[PDB]
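A single chain, nothing else alongside it, follows as structure tokens in the form deposited in one PDB entry.
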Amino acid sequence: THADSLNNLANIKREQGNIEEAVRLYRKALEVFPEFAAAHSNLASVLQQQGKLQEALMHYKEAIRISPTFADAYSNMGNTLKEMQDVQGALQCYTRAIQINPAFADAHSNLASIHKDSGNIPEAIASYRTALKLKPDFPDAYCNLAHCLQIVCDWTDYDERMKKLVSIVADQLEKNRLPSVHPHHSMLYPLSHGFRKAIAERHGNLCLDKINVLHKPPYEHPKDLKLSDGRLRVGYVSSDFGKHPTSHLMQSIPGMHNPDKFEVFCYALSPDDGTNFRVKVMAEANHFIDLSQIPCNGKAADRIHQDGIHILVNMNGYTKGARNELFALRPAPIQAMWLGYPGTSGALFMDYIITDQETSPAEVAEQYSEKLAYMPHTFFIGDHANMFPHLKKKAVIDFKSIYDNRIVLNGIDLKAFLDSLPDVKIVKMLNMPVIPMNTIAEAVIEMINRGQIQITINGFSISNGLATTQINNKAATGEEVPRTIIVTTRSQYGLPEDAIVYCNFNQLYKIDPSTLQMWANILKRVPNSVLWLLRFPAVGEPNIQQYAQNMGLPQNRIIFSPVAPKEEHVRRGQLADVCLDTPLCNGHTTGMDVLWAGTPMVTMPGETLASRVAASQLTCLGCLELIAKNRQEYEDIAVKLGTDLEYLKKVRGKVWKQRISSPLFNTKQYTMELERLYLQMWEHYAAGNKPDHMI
């Protein structure tokens, strides 16, 4: 009981976030009673939380050695192995825990989680059900299951699930315990802005607790530019400098920064994945530092202090790979959220969120913990101009007698191929070449229908858009610009040559009952037309098909394609007429993708940052007519775009031109505007004020 009292205290000191004192106490417990299984296992869990994973494992095994049937040690060891990427060891432990005790609900939930992460959603669902059946009051398992069901669009008892998620969160915040809804997901559920902000705040608070063991004073922050030769030192922190959407958005930014006034440091939180994305940020940033090499957060945060960073930019928020502990230690006087996280951090350690007036209006500043810092057009950016310049221009083949989106050719050398052809008609819009149905035209369409990889016409290489990974796998990922002429057609994706194609290329989780109802309403109003979605994942397809049958729609109306390599995804958006944006959470990166194809996107901005991004893109692009203030307006815009064929031609033309004329895809301009705002943020601080809203 001397030992027990130390252990029980340590357990409470841990629930409190007092991690150092918990450790001392478990050690003191083991000093007093060495053969104490539960204190080994508890010490192991807190060593795991601190990142000391080998030490943790050692205590888990001691605990198991003392009590061979201690299922909870196996279950928590499982988690430690999973955090070390030893998926096999994790599974060997979880399953051993469930063999020892099949009624052990925590083990079931942990197994479910590793099922979900591995891509086995039906098994994750089954195992969370088992957990909830063994322990019906189990917030983590319930909310994590609610996410799996979201992912595959299972909306069985949707309305009660939703209010159940809200009361769990209310109840968790009452008791100031960590909410089981993850902050990144909180935009999907009908919670108050207060709750979303508090969810975030509580997750930021974990980071504050992990760093207190280090006992670091506040750092001393440079108050003028004088020892950095008059340059604002800016530090971009990301797990995503590699093959990740973040790099697909901002890889050109670092190297566009003005080196007379700015000095750029990229802090990678991930190791080098071998991709051009990584190579480019490493080459073009003034300094590149691999923090994944320096796991200790105090030592890593030191580097950032000694580099001299003025502004430290958090590109992760609450996403995978985050090390927000870095920002909790405040190695810099200005710390801003940018681009990668579509929400508020909720934490005191972040000063601004870089956003914009259309995304985060003045009125809803209470949504965020941070002060608003406006970019002048949209905060969103895309590297599409650099990545996919072969999509700047297109040509078509005229199959009968003229469509912009049926049979499409793109290529760096397309002009020259065209000029090699006997008859080619130009159609004003600036212009779209049309290849009439010659022998040449027929050879192409045959390669497609035959599933052939490529053919040669007049010395030019003509590639099947379905086969890019076989021709050049770096061009499929967007790492290289394709060096051939590529053909893309509705035929390849089983789309009708003779009807309207509405699209949405997002992960299926962004869809909800209301949203699919609106889509159904639109398709019923526009006979012939189809809705073009992705298998993202594939096991969500029958749920979507069934809920749409129930709403009115015959089956043939919704066509699913596989997820494609990056360049094919962006290229194929050309085959659509219109994109219907998800209002619950908009296409963000996916919105830029569709617009770069020239495809107009209809959207209904909501309240959340996540539900207003597409509206900011369209504003910047200058297509206010595509933004709806309610559901009836969205369906009328979309039905109008599928029936008024001349207005469709006009709207398309505007998107097609304005993707070049507008600022949307103008990385140099974006960068220069980002620079102004960074300097605004710096002035307002050197004149010793503290963060305030910038507009």
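Don't overthink the numbering: it's just position in the shown sequence, from 1.
Beyond the structure shown, there is the form solved in complex with a partner chain, which is absent from this document and is the topic of what follows.
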Exactly one of 496, 308, 622, 513 has a non-hydrogen atom within 4.5 Å of its partner chain in the deposited bound form; which residue is it? 496
Single option in 415, 223, 133, 450 placed near its partner chain in the deposited bound form, where near means a heavy atom within 4.5 Å: 450
Looking in the deposited bound form, any heavy atom of residue 464 within 4.5 Å of its partner chain? yes
Does any part of residue 490 reach within 4.5 Å of its partner chain in the deposited bound form? Heavy atoms only, please. yes
Taking heavy atoms and a 4.5 Å cut-off, does residue 445 contact its partner chain in the deposited bound form? yes
Report yes if any heavy atom of residue 431 sits within 4.5 Å of a heavy atom of its partner chain in the deposited bound form; otherwise report no. no
Could you tell me which stretch in 328 to 336, 383 to 391, 365 to 373, 496 to 504 has residues with non-hydrogen atoms within 4.5 Å of its partner chain in the deposited bound form? 496 to 504
